[PDB]
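Chains A, B, C, D, E and F, in that order, are what the protein sequence lines are.
Once you know that position 191 of the first sequence is 191 in the numbering used here, the rest is easy, because the numbers rise by one and skip nothing.
Once you know that position 342 of the second sequence is 342 in the numbering used here, the rest is easy, because the numbers rise by one and skip nothing.
Once you know that position 99 of the third sequence is 99 in the numbering used here, the rest is easy, because the numbers rise by one and skip nothing.
Once you know that position 35 of the fourth sequence is 35 in the numbering used here, the rest is easy, because the numbers rise by one and skip nothing.
Once you know that position 4 of the fifth sequence is 4 in the numbering used here, the rest is easy, because the numbers rise by one and skip nothing.
Once you know that position 11 of the sixth sequence is 11 in the numbering used here, the rest is easy, because the numbers rise by one and skip nothing.
From the three backbone atoms N, C-alpha and C, an ideal C-beta is built for every residue, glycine too.
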Amino acid sequence: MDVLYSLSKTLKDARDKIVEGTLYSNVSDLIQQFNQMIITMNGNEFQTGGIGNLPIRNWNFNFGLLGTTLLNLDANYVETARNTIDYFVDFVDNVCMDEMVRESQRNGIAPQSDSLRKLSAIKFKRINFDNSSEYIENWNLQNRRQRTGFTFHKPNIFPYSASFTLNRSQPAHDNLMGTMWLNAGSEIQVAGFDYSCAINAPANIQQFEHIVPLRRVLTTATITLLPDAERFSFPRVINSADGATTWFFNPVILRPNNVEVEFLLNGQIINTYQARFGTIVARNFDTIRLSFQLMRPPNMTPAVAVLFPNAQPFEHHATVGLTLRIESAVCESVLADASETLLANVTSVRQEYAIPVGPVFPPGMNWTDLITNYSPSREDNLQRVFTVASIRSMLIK
Amino acid sequence: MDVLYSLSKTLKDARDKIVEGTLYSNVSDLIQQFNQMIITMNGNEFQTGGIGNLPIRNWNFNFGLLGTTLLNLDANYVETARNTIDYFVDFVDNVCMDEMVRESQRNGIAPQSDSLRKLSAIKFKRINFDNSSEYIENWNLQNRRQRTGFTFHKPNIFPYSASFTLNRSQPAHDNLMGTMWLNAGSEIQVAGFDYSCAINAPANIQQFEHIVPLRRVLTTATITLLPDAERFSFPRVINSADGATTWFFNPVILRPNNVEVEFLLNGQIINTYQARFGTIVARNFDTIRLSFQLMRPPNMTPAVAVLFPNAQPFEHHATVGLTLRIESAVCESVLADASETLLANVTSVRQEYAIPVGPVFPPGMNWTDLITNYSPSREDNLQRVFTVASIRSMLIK
Amino acid sequence: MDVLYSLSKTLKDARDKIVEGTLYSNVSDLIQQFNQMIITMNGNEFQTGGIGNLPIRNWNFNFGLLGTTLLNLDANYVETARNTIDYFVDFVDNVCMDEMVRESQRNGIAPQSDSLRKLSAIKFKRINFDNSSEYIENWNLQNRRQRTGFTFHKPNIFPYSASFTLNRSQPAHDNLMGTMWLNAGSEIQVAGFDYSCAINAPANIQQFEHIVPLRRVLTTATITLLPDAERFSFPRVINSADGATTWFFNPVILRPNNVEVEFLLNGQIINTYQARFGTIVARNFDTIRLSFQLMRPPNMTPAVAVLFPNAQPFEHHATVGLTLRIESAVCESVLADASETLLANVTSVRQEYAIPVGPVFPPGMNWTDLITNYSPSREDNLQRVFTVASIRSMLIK
Amino acid sequence: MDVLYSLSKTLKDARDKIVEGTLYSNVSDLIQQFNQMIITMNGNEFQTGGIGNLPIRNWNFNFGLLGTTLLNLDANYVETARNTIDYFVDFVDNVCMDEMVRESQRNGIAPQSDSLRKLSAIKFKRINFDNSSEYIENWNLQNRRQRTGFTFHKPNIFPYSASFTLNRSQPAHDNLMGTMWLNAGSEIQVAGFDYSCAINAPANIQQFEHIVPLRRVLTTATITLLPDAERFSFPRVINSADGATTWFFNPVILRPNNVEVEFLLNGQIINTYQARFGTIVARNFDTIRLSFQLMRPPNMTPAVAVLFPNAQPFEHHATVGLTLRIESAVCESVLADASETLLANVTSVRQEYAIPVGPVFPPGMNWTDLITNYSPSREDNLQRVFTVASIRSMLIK
Amino acid sequence: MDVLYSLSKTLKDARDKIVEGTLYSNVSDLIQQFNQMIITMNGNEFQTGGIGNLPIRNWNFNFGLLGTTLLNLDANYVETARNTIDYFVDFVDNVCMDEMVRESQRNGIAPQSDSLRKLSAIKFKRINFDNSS
Amino acid sequence: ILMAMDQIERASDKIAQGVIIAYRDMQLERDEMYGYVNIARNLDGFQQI
């Protein structure tokens, strides 16, 4: 597997550091690497494709040795190098293209293409010039099983489910209270609402809780926290959970009181913050639980007594909200991202040549359903295909 | 062009690696390249400046050679290197800041400044060390007519045009039906509204179409999509299109129905997505067509029944929500984003010395006006300016 | 400080490029550097910890010498390299953990931990290597008082604050007028609100001014500006400035007129923008001033004139909103960002063993309270801890 | 790429110069080229075909050298030359046909078939002969980024779009004032019609305006300006815009006055021509904007009082028209011409075997839809196909 | 007047004939013609423009002769020829633009622009390749 | 050796880098080492063969 990354690094170095004018002493090591690679790979024939509309092409290797005599590189050397560079670029592109779509239920780590099968044989192991990028280094470490993860900016772990829970409700819809929250990519917004302003609750306090579990582990996470809701703070109409009727929601926003945010590890408290806003950091957590309390003010100006009647009929309803975002994190597992193009690369390569749905990856490469059930086989296959996607993207941008 | 970047890379590596107490067998190639450069450049005269407020300076390379025989670099060698390094970095900064602010209405990809013209001769092409950055590789591959690519995070490609469209209109604004959209930065927010809430419509279903074109193609796009408009869901009053009157907006948000988004290229269907609300991927597209239908609630509670009357006068007006955000993309022409320090540097080095408005670039380096009339000559000029800025962005950060 | 970075970089290069099969030419510099480091570090001992619950550990260095003459490295060489690579990784982890949790009031730039004090001796300076990393480059640049630079993606520069000010208020909460602004991370959102609708104000235009300071001078900043606000566009109830009574706030949004945004440095107008939205660039500034005008429309319509009555009882209140978001910036000092795990690493190592609250670091690295004030000693300590965190980040995370 | 053109040129020269009786000192270099090509092309197998209905062909080259001792070519020498030339002609024809139809959306400036990929390696580069035609030399100049040029005669540059707009209309379509234009091929005929002869418009002068945006950039174009529309003057029964009704047309032609024709480049005025019919010449333009006037004659004869009554009824309407044609032009891109058979050639070869098509080329090479949306990848693919067609036209008629 | 057409024809032939891979005998006449042109044109300075908005440029040909190879060319020779080709095409374009914008009532058969008149002397008549257009 | 070869070759008094004829009158350049010499420390303005 690493042989492909070494080949990609060799090709990139040969294309970028071999032009007219460069003194040979700058790229002597690259020259030796290229000579070794072309000697070892020569004489062996490969085949690619064989599934979907991806074309089937043969491969051959009969190329001369790059010179080592001239003090400074000349144009003839440039053309001689670039011809083989072009051919090898085409070869590696087709190899990774074939290796992407193919997949298996068992042995996701195991390569599935015959090209990779012969690549990792006992004779090709002489070309491993470098393993320094994040994904290839992580692949090597996970092959040797040393604890190390990735770097994520604006990660996406939360699946999409605009779910709302109604603790108390009635068909009249004249007195309601409950929690409504939305999970969307890297953003979570929760709104606790009551139609009675907790005037018929003990001590004029109403309790609210919300729990969101994760499918994997996060550590050293940067969290941006804001005490105001953004999505449920304007009038809305929502179909009933039973789907039979439709209700109306007209909120008014108060500052939440006793804002409690808990980062739990296996149900045990690790990092906790109360009445803090801005940026917070959690050392390690797997389950997110929020708590806040709606408190009707003890003293109100005449402009507040117009929307909080202590009688039965109601016209406006109270609601508080919180905003949770994930800026950065370091994850041990393999997840999609937002600052790179790996998942887009995989979706493009799959949907371009119309490969049918495999037994592992869900149709259409949907991230939400795939992350909903992060099965270990799916995880390993996703890691492999993402590494292949990075290998390709390093060559064609 | 490439010669300047090679000199910049050599200077940057000299800054990084020439420290007291190192081993010579680690920086031998860099020292050899430095000696070759100082041999080549010695004995030449240069002139820089001419326009704006950039001073007219004369530069002469007359520095002595650098020894390579010491096994460990000492303080004397450190300062001897540092003096010439500072001189060279000042020279390259001056030539870059000269070249940045000049452009032509024709043949903009070609050099225009005196120094860049002089450094494009035949002999000086014997100094070209490395092309490892993304922009230099893009330029070199473009000059060789192959596939180009620039990575971006949140690419600022959408032109700013906050325009609203009305179809069913009255002089007094008593019942409206039309579309209002805001496409700013890297986010698109649209909202279709009807004052009748589809009460006198053909079977209580009203359609809204919105087509937003792009001046340049995009590839490998990951899309964040939410079914709620975050801006057009508040009571607003905006001046009408008559230019002398104002109308009121009273929104009530429902969920949009039959949310279809189309990513089309060259008038051919490429990808379609229905009933999906985020983290979707489209491979290759240039034009985005969003359509949706607003539907009367089939059943209502008493509050909703009172809110929406079958008669003419309305208190609240129905509106649907939709927002689309592009996360990552790779283009064939240079663009601007929120993850690169290049546009800010270009604007700073322009406005600092009071450059008059040129024949092609509109005054002030406005980006919305520039992207409104994106033209191939503008493309070449922007590519040149941004590449020179990226080259400069390593000499002094 | 630089010696620790040299050790980390050497370990990274060794653990990356030492893989069976590669030609010996690729690791000549690595072999020389590693051999010198081993032969110089041997015959020595170190002690680390001695504070908190960190592992107080003693380390002895008596390892052997690696082979030098080999055509192609077999697995024996890789194994004997890794057997010391892991030991050095553990040593660097222990040293960085012991360094991060320490603090001092005086001379924060200088090393503090005893292990770092001993490692600062000249005899170890032979282990120095290249400084291609950006943050260590900034450290070296600041060592000699050269111009510094940090490239950040929407850093948290503005201190968190949700403040409001009333320029005209009476103990009735019906004829209020003033401003309310929220600064969170990289987002500034201001809203000028009035309960009078400019029915008593001269010329039917109301002036609004807002100022934002920056504790550290910024430069070359790209800023997105939108004239539509979201944080204040819905009904709210706010506790008054006494903590005893609450008041109501119902907004109606218009388009703000004469939107002037000026970035100033040292009291002079550096950059100004009027009637321009989207993307702007500021070359160098420290004070942000936003001035705008509440402008009542001249003519209205039956559905509009009702909500702005000339009489005494008011129901709707005018509000004009502006939002500003810095995206990329360059800073002359080290500031925590929202795109890296360095601050995350610092907070995690501080909370992993409950370090006592020091004299210079506010408890728990609260970013809300830290940026409230600023002192050069705080800057020195923050830069030291951030560069040690960066050294840790390239190693095990 | 150029190897195929060299093969075509050498085959043509051998077929039209190797004729019995010629002096041997006239084709010595050509015979040397032929022999060297035969030596270089021996022993290599090639597979052609395998897509669609195109048959799969195999090719093997094994031949001896020709004769070089005679001084007057006789029957045997020309017989052997023709015997091998027929086989080479078959090879060239089949290889060109196989490589022509294939298409791709990635790197449309690189070889696409097995034959061209194998024939563009290092070894087969010693057969290039010359670049005497125009398309191949344009290919070579564009390959290394030089100014591109192409000579066309009445080329189909404007698309086909028969659409019209009306400025003043009636629900029953009896009193109209609008414009019609038929844009097809390289012909532009825009006509303006006023039913009322500008009796309600100020100054008795009615202005019609029209803009025709070209899809690419032209240079050095000759334009013939006939000041009378050849089409929009016969009686018509034309369907209206809404498609529900059709209205009657009885035009009468009046000569236009104050004819203004302008040619703009990059949204700026370049050339201005006023009241000059016949032959006009322009240097470089991208958008054609035409503005003409219709003036009611001051005094009339008894034969004219029945033409334009100021009364209510209207049956004959003042109509003007301008005829704009391009008789020659030069472009930087490639477009289907009227003097050669490139588009016809590609359409014929594609339709003969019915290759399945994807999102690369428009269906059936529909020129109008191709000009409709013009992506650079389509341009590069079309240019490559046209060059291959030009090579084909050299050998097989 | 004939010298300018000779320059144009030989420049096109040099640009479109000297490509890597060709046999040496395919460019013998062209190589000798280019050698003669470089011999004749070196030294004699020339000036173009001087009227209107056309910039007043200077030209001083300082190019050496070309090499050769028995089997096949090398790309370094190709680029060495190409630089001279670029200089010559720039010179030809400038002198053609200068010649385009001068005219008088007197006999127009004679050359008008000074560059063409200085070129049309007997001293530069050896570079006359062919008249086939 | 290759970095010192230029200095070594310049050091010898029995060797010279080249000669310029220039076919024009030139004022002799004065030097401290020798009274009046045809010193030309550059080949500017003349074609090199």
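N-terminal and C-terminal residue of the beta strand (DSSP E) that residue i is part of
i, result
"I280 (chain C)", "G278 to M295"
"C331 (chain D)", "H317 to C331"
"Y273 (chain C)", "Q268 to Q274"
"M180 (chain B)", "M177 to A184"
"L166 (chain A)", "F164 to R168"
"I188 (chain D)", "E187 to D194"
"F46 (chain B)", "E45 to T48"
For residue i, the three-state DSSP class (helix, strand or coil)
i, result
"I391 (chain A)", "helix"
"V349 (chain A)", "helix"
"residue 398 (chain D)", "No statement about residue 398 (chain D) is possible, as the shown extent of chain D runs from 1 to 397 and does not include it."
"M97 (chain E)", "helix"
"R215 (chain C)", "strand"
"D130 (chain B)", "coil"
"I85 (chain C)", "helix"
"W59 (chain A)", "coil"
"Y5 (chain C)", "helix"
Identity of the residue in the options nearest residue i by Cα
i, options, result
"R384 (chain A)", "A:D29, A:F46, A:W139 and A:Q36", "A:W139"
"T80 (chain A)", "A:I31, A:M97 and A:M100", "A:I31"
"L218 (chain C)", "C:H210, C:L226, C:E209 and C:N266", "C:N266"
"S161 (chain C)", "C:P213, C:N143, C:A203 and C:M177", "C:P213"
"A229 (chain D)", "D:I205, D:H210, D:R216 and D:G192", "D:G192"
"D90 (chain C)", "A:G278, A:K12 and A:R147", "A:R147"
Whole-number beta carbon distance between residue j and residue i, since they are thought to touch under 8 Å
i, j, result
"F314 (chain B)", "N200 (chain B)", "No, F314 (chain B) and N200 (chain B) are not in contact; Cβ-Cβ is about 12 Å, not under 8 Å."
"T10 (chain E)", "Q33 (chain E)", "6 Å"
"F158 (chain A)", "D337 (chain A)", "Contact flag wrong, Cβ pair sits at about 14 Å."
"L65 (chain A)", "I18 (chain A)", "Not confirmed; about 14 Å, so no contact."
"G185 (chain A)", "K397 (chain C)", "That pair is no contact at about 23 Å."
Residue span of the alpha helix (DSSP H) that contains residue i, given as start and end
i, result
"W139 (chain B)", "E134 to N143"
"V304 (chain B)", "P302 to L307"
"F34 (chain C)", "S28 to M41"
### Message
Beta carbons nearer than 7 Å to chain C: which residues of the region 222-242 of chain B have them?
### Response
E230, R231, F234, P235, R236, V237, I238 and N239
### Task
Below 7 Å between beta carbons is the criterion; list the residues of the region 5-34 of chain A that meet it against any residue of chain B, in chain order.
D16, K17, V19, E20, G21, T22, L23, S25 and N26
### Query
Name the residues in the region 149-171 of chain A whose C-beta lies less than 7 Å from a C-beta of chain B; which are they?
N156 and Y160
### Message
Beta carbons nearer than 7 Å to chain D: which residues of the region 127-151 of chain B have them?
### Response
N143, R145, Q146 and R147
### Query
Along the region 358-375 of chain D, what residues have a CB closer than 8 Å to any CB found in chain B?
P359, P362, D369, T372, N373 and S375
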